[PDB]
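Structure data (mmCIF, C-alpha atoms) from coords.cif:
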```cif
data_protein
#
loop_
_atom_site.group_PDB
_atom_site.id
_atom_site.type_symbol
_atom_site.label_atom_id
_atom_site.label_comp_id
_atom_site.auth_asym_id
_atom_site.auth_seq_id
_atom_site.Cartn_x
_atom_site.Cartn_y
_atom_site.Cartn_z
ATOM 1 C CA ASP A 97 -8.731 -32.535 89.416
ATOM 2 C CA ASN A 98 -11.363 -35.324 88.901
ATOM 3 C CA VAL A 99 -14.185 -34.684 86.366
ATOM 4 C CA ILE A 100 -17.678 -34.996 87.952
ATOM 5 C CA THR A 101 -21.075 -33.298 87.329
ATOM 6 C CA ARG A 102 -22.793 -31.376 90.184
ATOM 7 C CA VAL A 103 -26.602 -30.796 90.251
ATOM 8 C CA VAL A 104 -27.575 -27.940 92.659
ATOM 9 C CA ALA A 105 -30.563 -25.528 92.886
ATOM 10 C CA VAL A 106 -31.120 -21.788 92.723
ATOM 11 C CA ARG A 107 -34.810 -21.488 93.719
ATOM 12 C CA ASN A 108 -34.875 -17.614 93.648
ATOM 13 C CA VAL A 109 -34.564 -16.575 89.928
ATOM 14 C CA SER A 110 -33.838 -18.381 86.598
ATOM 15 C CA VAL A 111 -30.119 -19.368 86.527
ATOM 16 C CA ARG A 112 -29.751 -18.416 82.789
ATOM 17 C CA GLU A 113 -28.878 -15.046 84.460
ATOM 18 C CA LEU A 114 -25.450 -16.605 85.375
ATOM 19 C CA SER A 115 -24.591 -18.087 81.897
ATOM 20 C CA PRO A 116 -21.896 -15.477 80.924
ATOM 21 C CA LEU A 117 -20.007 -15.334 84.307
ATOM 22 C CA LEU A 118 -20.213 -19.152 84.814
ATOM 23 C CA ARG A 119 -18.768 -19.641 81.263
ATOM 24 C CA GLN A 120 -16.160 -17.161 82.640
ATOM 25 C CA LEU A 121 -15.132 -19.990 85.073
ATOM 26 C CA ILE A 122 -15.525 -22.365 82.044
ATOM 27 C CA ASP A 123 -13.062 -19.909 80.371
ATOM 28 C CA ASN A 124 -11.022 -19.039 83.576
ATOM 29 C CA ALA A 125 -9.579 -22.632 83.475
ATOM 30 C CA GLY A 126 -9.672 -25.772 81.223
ATOM 31 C CA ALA A 127 -12.870 -26.811 79.336
ATOM 32 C CA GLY A 128 -14.670 -30.170 79.110
ATOM 33 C CA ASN A 129 -17.164 -28.393 81.442
ATOM 34 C CA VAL A 130 -20.872 -27.937 80.879
ATOM 35 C CA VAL A 131 -23.190 -25.692 82.897
ATOM 36 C CA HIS A 132 -26.787 -26.319 81.735
ATOM 37 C CA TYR A 133 -29.703 -24.368 83.280
ATOM 38 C CA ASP A 134 -32.931 -26.409 83.321
ATOM 39 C CA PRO A 135 -36.126 -24.318 82.901
ATOM 40 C CA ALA A 136 -37.516 -26.674 85.631
ATOM 41 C CA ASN A 137 -35.122 -24.481 87.769
ATOM 42 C CA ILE A 138 -32.290 -26.788 88.930
ATOM 43 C CA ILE A 139 -28.588 -26.527 87.886
ATOM 44 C CA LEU A 140 -26.035 -28.728 86.027
ATOM 45 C CA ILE A 141 -22.218 -28.476 86.060
ATOM 46 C CA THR A 142 -19.782 -31.063 84.618
ATOM 47 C CA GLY A 143 -15.936 -31.009 84.813
ATOM 48 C CA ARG A 144 -13.077 -30.616 87.347
ATOM 49 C CA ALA A 145 -14.426 -30.812 90.944
ATOM 50 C CA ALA A 146 -12.416 -27.601 91.743
ATOM 51 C CA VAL A 147 -13.826 -25.388 88.922
ATOM 52 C CA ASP B 97 -15.176 -48.871 69.705
ATOM 53 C CA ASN B 98 -18.394 -50.759 68.675
ATOM 54 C CA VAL B 99 -21.171 -48.771 66.911
ATOM 55 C CA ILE B 100 -24.530 -48.990 68.776
ATOM 56 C CA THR B 101 -27.516 -46.604 69.222
ATOM 57 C CA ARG B 102 -28.580 -45.532 72.760
ATOM 58 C CA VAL B 103 -32.159 -44.340 73.543
ATOM 59 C CA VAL B 104 -32.325 -42.387 76.868
ATOM 60 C CA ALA B 105 -34.702 -39.716 78.286
ATOM 61 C CA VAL B 106 -34.446 -36.121 79.449
ATOM 62 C CA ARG B 107 -37.904 -35.532 80.993
ATOM 63 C CA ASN B 108 -37.137 -31.935 82.209
ATOM 64 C CA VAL B 109 -36.867 -29.731 79.032
ATOM 65 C CA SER B 110 -36.778 -30.353 75.226
ATOM 66 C CA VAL B 111 -33.375 -31.901 74.318
ATOM 67 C CA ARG B 112 -33.065 -29.783 71.089
ATOM 68 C CA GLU B 113 -31.375 -27.425 73.639
ATOM 69 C CA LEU B 114 -28.306 -29.792 73.507
ATOM 70 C CA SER B 115 -28.026 -30.089 69.651
ATOM 71 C CA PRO B 116 -24.905 -27.830 69.230
ATOM 72 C CA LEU B 117 -22.802 -29.224 72.173
ATOM 73 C CA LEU B 118 -23.793 -32.874 71.416
ATOM 74 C CA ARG B 119 -22.735 -32.337 67.738
ATOM 75 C CA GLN B 120 -19.565 -31.007 69.478
ATOM 76 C CA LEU B 121 -19.008 -34.646 70.678
ATOM 77 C CA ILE B 122 -20.111 -35.699 67.122
ATOM 78 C CA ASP B 123 -17.296 -33.296 66.025
ATOM 79 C CA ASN B 124 -14.900 -33.980 69.022
ATOM 80 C CA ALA B 125 -14.275 -37.507 67.550
ATOM 81 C CA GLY B 126 -15.194 -39.595 64.431
ATOM 82 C CA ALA B 127 -18.661 -39.316 62.767
ATOM 83 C CA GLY B 128 -21.161 -41.994 61.694
ATOM 84 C CA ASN B 129 -23.050 -40.730 64.800
ATOM 85 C CA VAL B 130 -26.603 -39.451 64.937
ATOM 86 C CA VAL B 131 -28.237 -37.679 67.883
ATOM 87 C CA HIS B 132 -31.957 -37.206 67.089
ATOM 88 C CA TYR B 133 -34.274 -35.434 69.577
ATOM 89 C CA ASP B 134 -37.855 -36.746 69.390
ATOM 90 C CA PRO B 135 -40.545 -34.106 70.134
ATOM 91 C CA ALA B 136 -42.214 -36.981 72.106
ATOM 92 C CA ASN B 137 -39.265 -36.132 74.490
ATOM 93 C CA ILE B 138 -36.923 -39.168 74.421
ATOM 94 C CA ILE B 139 -33.333 -39.229 73.017
ATOM 95 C CA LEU B 140 -31.449 -41.059 70.201
ATOM 96 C CA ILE B 141 -27.675 -41.522 69.785
ATOM 97 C CA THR B 142 -25.958 -43.830 67.249
ATOM 98 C CA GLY B 143 -22.187 -44.536 66.916
ATOM 99 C CA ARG B 144 -19.145 -45.578 69.017
ATOM 100 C CA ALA B 145 -20.254 -46.781 72.499
ATOM 101 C CA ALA B 146 -17.548 -44.467 74.023
ATOM 102 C CA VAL B 147 -18.637 -41.191 72.313
ATOM 103 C CA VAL B 148 -22.294 -42.373 72.485
ATOM 104 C CA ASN B 149 -21.531 -42.920 76.227
ATOM 105 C CA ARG B 150 -20.150 -39.341 76.628
ATOM 106 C CA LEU B 151 -23.103 -38.031 74.529
ATOM 107 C CA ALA B 152 -25.527 -39.943 76.842
ATOM 108 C CA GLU B 153 -23.619 -38.433 79.847
ATOM 109 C CA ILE B 154 -24.253 -34.771 78.769
ATOM 110 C CA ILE B 155 -27.748 -36.015 77.724
ATOM 111 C CA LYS B 156 -28.354 -37.909 81.039
ATOM 112 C CA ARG B 157 -26.724 -34.799 82.621
ATOM 113 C CA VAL B 158 -29.860 -32.912 81.469
ATOM 114 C CA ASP B 159 -31.982 -36.018 82.371
ATOM 115 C CA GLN B 160 -30.895 -36.265 86.063
ATOM 116 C CA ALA B 161 -30.715 -32.418 85.873
ATOM 117 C CA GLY B 162 -34.550 -32.143 85.945
ATOM 118 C CA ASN B 163 -36.057 -35.615 86.614
ATOM 119 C CA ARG B 164 -39.790 -35.797 87.489
ATOM 120 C CA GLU B 165 -41.623 -38.658 89.288
ATOM 121 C CA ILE B 166 -44.979 -38.941 91.150
ATOM 122 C CA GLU B 167 -46.249 -39.996 94.606
ATOM 123 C CA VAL B 168 -49.556 -41.348 95.999
ATOM 124 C CA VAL B 169 -49.993 -40.895 99.784
ATOM 125 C CA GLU B 170 -53.066 -41.219 102.062
ATOM 126 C CA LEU B 171 -54.720 -38.194 103.612
ATOM 127 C CA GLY B 172 -56.935 -39.986 106.203
ATOM 128 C CA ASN B 173 -58.253 -36.616 107.414
ATOM 129 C CA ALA B 174 -57.731 -33.271 105.568
ATOM 130 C CA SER B 175 -59.778 -32.888 102.343
ATOM 131 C CA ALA B 176 -57.398 -33.552 99.434
ATOM 132 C CA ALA B 177 -59.083 -30.823 97.313
ATOM 133 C CA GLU B 178 -58.325 -28.583 100.330
ATOM 134 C CA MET B 179 -54.699 -29.838 100.500
ATOM 135 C CA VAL B 180 -54.692 -28.993 96.748
ATOM 136 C CA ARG B 181 -56.093 -25.449 97.260
ATOM 137 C CA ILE B 182 -53.805 -24.715 100.223
ATOM 138 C CA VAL B 183 -50.708 -25.796 98.274
ATOM 139 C CA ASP B 184 -52.078 -24.042 95.138
ATOM 140 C CA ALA B 185 -51.036 -20.711 96.747
ATOM 141 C CA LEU B 186 -47.483 -22.194 96.621
ATOM 142 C CA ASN B 187 -45.754 -21.246 93.338
ATOM 143 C CA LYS B 202 -48.821 -30.077 90.891
ATOM 144 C CA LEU B 203 -51.388 -31.997 92.988
ATOM 145 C CA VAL B 204 -54.168 -34.622 93.077
ATOM 146 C CA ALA B 205 -55.854 -36.992 95.544
ATOM 147 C CA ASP B 206 -58.695 -39.543 95.830
ATOM 148 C CA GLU B 207 -61.419 -39.596 98.492
ATOM 149 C CA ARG B 208 -62.239 -43.244 97.615
ATOM 150 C CA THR B 209 -58.801 -43.810 99.230
ATOM 151 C CA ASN B 210 -58.366 -40.285 100.697
ATOM 152 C CA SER B 211 -54.783 -40.169 99.307
ATOM 153 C CA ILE B 212 -52.631 -37.286 97.994
ATOM 154 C CA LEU B 213 -51.376 -37.892 94.482
ATOM 155 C CA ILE B 214 -48.566 -35.710 93.131
ATOM 156 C CA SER B 215 -47.426 -34.573 89.676
ATOM 157 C CA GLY B 216 -43.837 -33.258 89.629
ATOM 158 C CA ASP B 217 -40.335 -33.266 91.104
ATOM 159 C CA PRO B 218 -38.616 -35.716 93.419
ATOM 160 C CA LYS B 219 -37.968 -32.330 95.063
ATOM 161 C CA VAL B 220 -41.801 -32.057 94.901
ATOM 162 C CA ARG B 221 -41.594 -35.660 96.263
ATOM 163 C CA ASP B 222 -39.301 -34.560 99.167
ATOM 164 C CA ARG B 223 -41.230 -31.370 100.124
ATOM 165 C CA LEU B 224 -44.663 -32.836 99.323
ATOM 166 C CA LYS B 225 -43.998 -35.958 101.330
ATOM 167 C CA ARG B 226 -43.146 -33.296 103.935
ATOM 168 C CA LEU B 227 -46.685 -31.859 103.356
ATOM 169 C CA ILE B 228 -48.090 -35.398 103.039
ATOM 170 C CA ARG B 229 -46.997 -35.591 106.701
ATOM 171 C CA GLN B 230 -47.586 -31.945 107.721
ATOM 172 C CA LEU B 231 -51.418 -31.917 107.592
ATOM 173 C CA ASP B 232 -52.245 -35.510 108.549
ATOM 174 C CA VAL B 233 -52.516 -34.957 112.345
ATOM 175 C CA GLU B 234 -55.404 -34.734 114.913
ATOM 176 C CA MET B 235 -58.773 -33.255 113.784
ATOM 177 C CA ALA B 236 -58.678 -31.232 117.084
ATOM 178 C CA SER B 237 -62.269 -32.280 118.138
ATOM 179 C CA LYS B 238 -64.067 -29.204 116.674
ATOM 180 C CA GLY B 239 -67.102 -29.977 118.877
ATOM 181 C CA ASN B 240 -68.931 -27.899 116.191
ATOM 182 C CA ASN B 241 -72.146 -28.890 118.044
ATOM 183 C CA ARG B 242 -72.835 -29.484 121.794
ATOM 184 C CA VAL B 243 -75.976 -30.549 123.693
ATOM 185 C CA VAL B 244 -76.363 -28.496 126.906
ATOM 186 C CA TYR B 245 -78.524 -30.079 129.591
ATOM 187 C CA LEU B 246 -80.600 -27.219 131.058
ATOM 188 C CA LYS B 247 -80.342 -27.142 134.895
ATOM 189 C CA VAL C 148 -31.704 -49.560 52.545
ATOM 190 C CA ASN C 149 -30.822 -51.512 55.753
ATOM 191 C CA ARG C 150 -28.676 -48.611 57.114
ATOM 192 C CA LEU C 151 -31.413 -46.141 55.996
ATOM 193 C CA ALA C 152 -34.027 -48.273 57.864
ATOM 194 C CA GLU C 153 -31.636 -48.280 60.902
ATOM 195 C CA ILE C 154 -31.535 -44.423 61.188
ATOM 196 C CA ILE C 155 -35.279 -44.574 60.288
ATOM 197 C CA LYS C 156 -36.049 -47.368 62.848
ATOM 198 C CA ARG C 157 -33.680 -45.355 65.120
ATOM 199 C CA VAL C 158 -36.407 -42.656 65.101
ATOM 200 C CA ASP C 159 -39.082 -45.446 65.217
ATOM 201 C CA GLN C 160 -37.824 -47.164 68.432
ATOM 202 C CA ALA C 161 -36.828 -43.595 69.497
ATOM 203 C CA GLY C 162 -40.498 -42.674 70.188
ATOM 204 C CA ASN C 163 -42.667 -45.834 69.890
ATOM 205 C CA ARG C 164 -46.285 -45.640 71.157
ATOM 206 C CA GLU C 165 -48.565 -48.571 72.152
ATOM 207 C CA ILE C 166 -51.769 -48.881 74.260
ATOM 208 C CA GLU C 167 -52.997 -50.836 77.317
ATOM 209 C CA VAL C 168 -56.414 -51.974 78.631
ATOM 210 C CA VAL C 169 -56.479 -52.805 82.376
ATOM 211 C CA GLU C 170 -59.385 -53.354 84.825
ATOM 212 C CA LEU C 171 -60.238 -50.821 87.497
ATOM 213 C CA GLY C 172 -62.596 -52.984 89.639
ATOM 214 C CA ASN C 173 -63.076 -50.071 92.058
ATOM 215 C CA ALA C 174 -61.974 -46.443 91.361
ATOM 216 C CA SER C 175 -64.104 -44.592 88.758
ATOM 217 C CA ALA C 176 -62.129 -44.610 85.496
ATOM 218 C CA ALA C 177 -63.326 -41.056 84.640
ATOM 219 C CA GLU C 178 -61.902 -40.187 88.091
ATOM 220 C CA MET C 179 -58.627 -42.048 87.338
ATOM 221 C CA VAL C 180 -58.692 -39.961 84.112
ATOM 222 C CA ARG C 181 -59.261 -36.631 85.948
ATOM 223 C CA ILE C 182 -56.670 -37.399 88.639
ATOM 224 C CA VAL C 183 -54.019 -38.264 86.035
ATOM 225 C CA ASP C 184 -55.192 -35.311 83.871
ATOM 226 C CA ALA C 185 -53.354 -32.995 86.326
ATOM 227 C CA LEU C 186 -50.219 -34.947 85.235
ATOM 228 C CA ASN C 187 -48.537 -33.238 82.247
ATOM 229 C CA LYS C 202 -53.619 -39.954 77.467
ATOM 230 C CA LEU C 203 -56.387 -41.996 79.153
ATOM 231 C CA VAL C 204 -59.657 -43.942 78.757
ATOM 232 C CA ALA C 205 -61.639 -46.685 80.515
ATOM 233 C CA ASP C 206 -64.937 -48.621 80.340
ATOM 234 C CA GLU C 207 -67.420 -49.121 83.187
ATOM 235 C CA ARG C 208 -69.063 -52.023 81.279
ATOM 236 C CA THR C 209 -65.723 -53.719 82.121
ATOM 237 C CA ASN C 210 -64.440 -51.072 84.593
ATOM 238 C CA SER C 211 -61.021 -51.117 82.834
ATOM 239 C CA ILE C 212 -58.396 -48.390 82.258
ATOM 240 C CA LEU C 213 -57.545 -47.939 78.604
ATOM 241 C CA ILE C 214 -54.430 -45.965 77.672
ATOM 242 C CA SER C 215 -53.309 -43.912 74.660
ATOM 243 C CA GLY C 216 -49.534 -43.329 74.552
ATOM 244 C CA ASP C 217 -46.022 -44.480 75.442
ATOM 245 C CA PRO C 218 -44.718 -47.851 76.559
ATOM 246 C CA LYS C 219 -43.243 -45.429 79.118
ATOM 247 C CA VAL C 220 -46.929 -44.437 79.589
ATOM 248 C CA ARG C 221 -47.411 -48.262 79.647
ATOM 249 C CA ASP C 222 -44.740 -48.684 82.402
ATOM 250 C CA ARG C 223 -45.864 -45.743 84.615
ATOM 251 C CA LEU C 224 -49.579 -46.193 83.859
ATOM 252 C CA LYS C 225 -49.468 -49.885 84.617
ATOM 253 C CA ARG C 226 -47.884 -48.500 87.807
ATOM 254 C CA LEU C 227 -51.061 -46.342 88.228
ATOM 255 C CA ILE C 228 -53.216 -49.235 86.963
ATOM 256 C CA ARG C 229 -51.943 -50.889 90.170
ATOM 257 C CA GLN C 230 -51.660 -47.787 92.402
ATOM 258 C CA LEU C 231 -55.398 -47.032 92.819
ATOM 259 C CA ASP C 232 -56.910 -50.525 92.650
ATOM 260 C CA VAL C 233 -56.787 -51.300 96.417
ATOM 261 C CA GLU C 234 -59.379 -51.482 99.285
ATOM 262 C CA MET C 235 -62.414 -49.119 99.187
ATOM 263 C CA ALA C 236 -61.664 -48.428 102.923
ATOM 264 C CA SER C 237 -65.317 -49.136 104.043
ATOM 265 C CA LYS C 238 -66.510 -45.474 103.940
ATOM 266 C CA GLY C 239 -69.481 -46.398 106.174
ATOM 267 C CA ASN C 240 -70.992 -43.215 104.604
ATOM 268 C CA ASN C 241 -74.208 -44.199 106.456
ATOM 269 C CA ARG C 242 -74.747 -45.937 109.860
ATOM 270 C CA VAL C 243 -77.907 -47.016 111.718
ATOM 271 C CA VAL C 244 -77.621 -46.189 115.450
ATOM 272 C CA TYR C 245 -79.884 -48.200 117.732
ATOM 273 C CA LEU C 246 -81.187 -45.716 120.336
ATOM 274 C CA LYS C 247 -80.655 -47.032 123.910
#
```
Please express the file's structure as C-alpha cells.
Amino acid sequence: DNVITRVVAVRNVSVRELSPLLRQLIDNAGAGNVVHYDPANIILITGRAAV
Amino acid sequence: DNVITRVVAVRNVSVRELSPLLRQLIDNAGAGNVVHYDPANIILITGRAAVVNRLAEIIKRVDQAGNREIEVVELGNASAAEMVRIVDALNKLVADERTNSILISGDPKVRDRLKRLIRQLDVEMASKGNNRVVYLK
Amino acid sequence: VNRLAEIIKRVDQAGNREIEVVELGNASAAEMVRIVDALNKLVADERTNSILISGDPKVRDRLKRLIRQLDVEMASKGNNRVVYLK
C-alpha cells in the first residue's frame, strides 16, 4: 500500500491513448495517483504500488 | 511549515501541462503558494516546504519522467557523419573528426542505446584491400 | 513592495540568463557551434579562439561542460606522411 511513482515506456504509440482507462484505475481505487504521459514518449505513475 | 520558493526543472515538455493538478496541491492545503512555469522551461514554487515539496514531487515527476542529457564518445574508425546518416533512418546526433568522436543530443535512453551504437560500429575496418599490386609472372 | 519583488524576483531567479567566454585553443568554434546546433545559443572568436555563450547559467553549467569536453588532444592526424623509398 506504499505510495511510489513508476516511470516506464511504451515505445509503440503515444500513451495519451490510455488516459481514460488508466484514470479508470485512478477511479477503480483511491486517488493521490498521477499518470502523466510525456510527449517525449515515456510514462509516469504515482500512488499505491498495487494500483 | 516554513514558506520557501523552490526552482526545479522539467526538461521534457512545457510544465504549463501541470497547472491544474499543481493548483490542486495549491488547493489541497493552505494558499500563499505560487507555481509559475517559465517559457524558458524551468519551474517556480513558493509556500510551505511540505506542499512545495509535494508540488516539486509531481513537478520532478515530470522532470525525471522525460530527462535529457548528452554524450561524447570517440569513433576511431567509422565516419561520424556516416554514423549520423545510418542512425538518421532510425525514428539526435553529432561528432567531431578533429577527435573522431560521436556526440549525442537526447535521452539517457538515447545515452543507453547510443552508447550501444557508440560500441556497435567501432570494430575492425575489415582490411578492404581496395587496391592490390599483382606481380606479373 | 518587498513581497511583490519576491514573486517578481521569483520569476527573475526562475529563468535568469548570463553569458560565458571560454578559450577553444583547438576545435574550430564555428564547428563547436555547428555540433552544438544539433542540440535543441553560441559564439566564439578565432582572434582569441574562445567559445562565447548566449543563454542560461544552466547553459553556463552544461556549456562549460562542453567548453571542457572538446578541448583535448588533436590526436596527431598525420594527414600527410613522407615515405622514404627503400
Legend entry - Result set, the PyMOL selection byres ((chain C) within 8 of (chain B)) on current file, as a ChimeraX atom specification: /C:154,157-158,161-162,174,182-183,185-187,230-231,234-236,238
Inset, instruction - Select, from B:112, B:157, B:150, B:107, the residue with the minimum atom-to-atom distance to chain A, counting all atoms listed in the file. - result: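 Among the listed residues, the smallest separation from chain A belongs to B:157.
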Inset, instruction - Could you check how far CA of residue 155 in chain B sits from CA of residue 110 in chain B, in Å to one decimal? - result: 10.9 Å
Legend entry - Which of A:99, A:125, A:104, A:117 sits closest to chain B [using only C-alpha atoms]: A:104
Inset, instruction - Just give me the gap between CA of residue 230 in chain B and CA of residue 217 in chain B in Å, one decimal is fine. - result: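 Result for CA of residue 230 in chain B versus CA of residue 217 in chain B: 18.2 Å, one decimal.
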Inset, instruction - Counting all atoms listed in the file, select every polymer residue within 12 Å of (-32.3, -19.5, 85.5) as defined in the file's coordinates, and provide the selection as a PyMOL selection string. - result: chain A and resi 105-115+131-140
Legend entry - Minimum-distance residue to residue 142 in chain A, chosen among B:121, B:98, B:153, B:148 (using all atoms listed in the file):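 Going through B:121, B:98, B:153, B:148 one by one, the smallest distance to residue 142 in chain A is for B:153.
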